[PDB]
C-alpha cells in the first residue's frame, strides 16, 4: 500500500485544494497519484519534452496537421497539462498525459478540430480516462453531442466555464449538463472577476494567477489566469479518484467530487452558481 506524501512548498492552487479553509499552509498532500489513469488534454498540444511530464506522455492526436506529433507551440496546453499531472505543478503526479492538439500556435481552432479530437479520444481512449477541455466557444449542437457521446462511452469530460463574467449556459461545451463545468477562484476565495457563473457550473477551482509549465524549454514555467487554469485542477482530482475507483462511471466521478467539495466558501459566486470549491483527500 502507498503512503501519503507532502509537497512543500507548493504553488497556491495545489495548496488550496487539499484543505477546507484559509489560510493556505504552503503544502499539497496526496496519496494516490493517478498512476494507471489516462488524461486526454484537448488543447494546443503538450511540450512532449517537458521535465514536468518525464516518462508519462502517452500517444496522442494532432487535428492541426495529419499525423503530427501534437507538440505545443503556444504554451496553453503545456500549462494546462502541468496542472493536471506535472511533477511539481500537478494534482496527479503519476497520471499519463495524452496530447490532443486541436488549437494552433495562436490558441485558435474550430469546432471541427475540437470534435475531431473528441472523436479520436472516444475511439481510442484507455480506461480509466478523463478529458480536459480548457477551451470553448459559441453554442453548438454538434460540439455538445460529441461531448455527450464521449461521456456515454465512459469518459469523464471536464470543461472550463468561460471567461466572460456571464452565465455559462450560453456557451459550448460549458452548457453540457453531464460534463463537469468548472469556474475559477482567487487565492482569497473570491470568484475570479472574469469567471462565468450560474446553474451550468458544477464547482469552482483555483484559476487566478496559477503557476505551471510552459512550452519554451524543458524547464520553462508561466503564471496565468482563466477558467482554463481551474479546469485541470478538477481533471487532476478526477484522475486521483479514478486510481481509487478505476471502473467508476462519469456520473460516479462527478458525484464523488461534488460530495467532497468544500461548500459555501466562494465569495461573490454569482446568481445560481453552486457554492462548491474543489477539495481532494485522495
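Residue numbers count along the first chain shown, from 1.
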Practice task
Quick one: say whether 220 to 228 or 56 to 64 has the higher mean Cα B-factor in the deposited entry.
Solution key: 56 to 64
Problem - Selected stretch [higher average CA B-factor]: 72 to 80 or 102 to 110 - result: 102 to 110
Exercise for the section: From the list 177, 132, 196, 212, select the residue with the highest C-alpha B factor recorded in the entry. Expected result: 177
Handout entry: Record-listed C-alpha B factor of residue 159: chain third
Key = lowest
Exercise for the section: Going by the recorded CA B-factors, say which third of the chain residue 240 sits in, lowest, middle or highest. Expected result: lowest
Handout entry: Record-listed C-alpha B factor of residue 13: chain third
Key = lowest
Problem - CA B-factor placement of residue 246, once the chain's modelled residues are sorted into thirds - result: highest
Handout entry: Entry-reported Cα temperature factor of residue 185, expressed as the chain third it lands in
Key = lowest
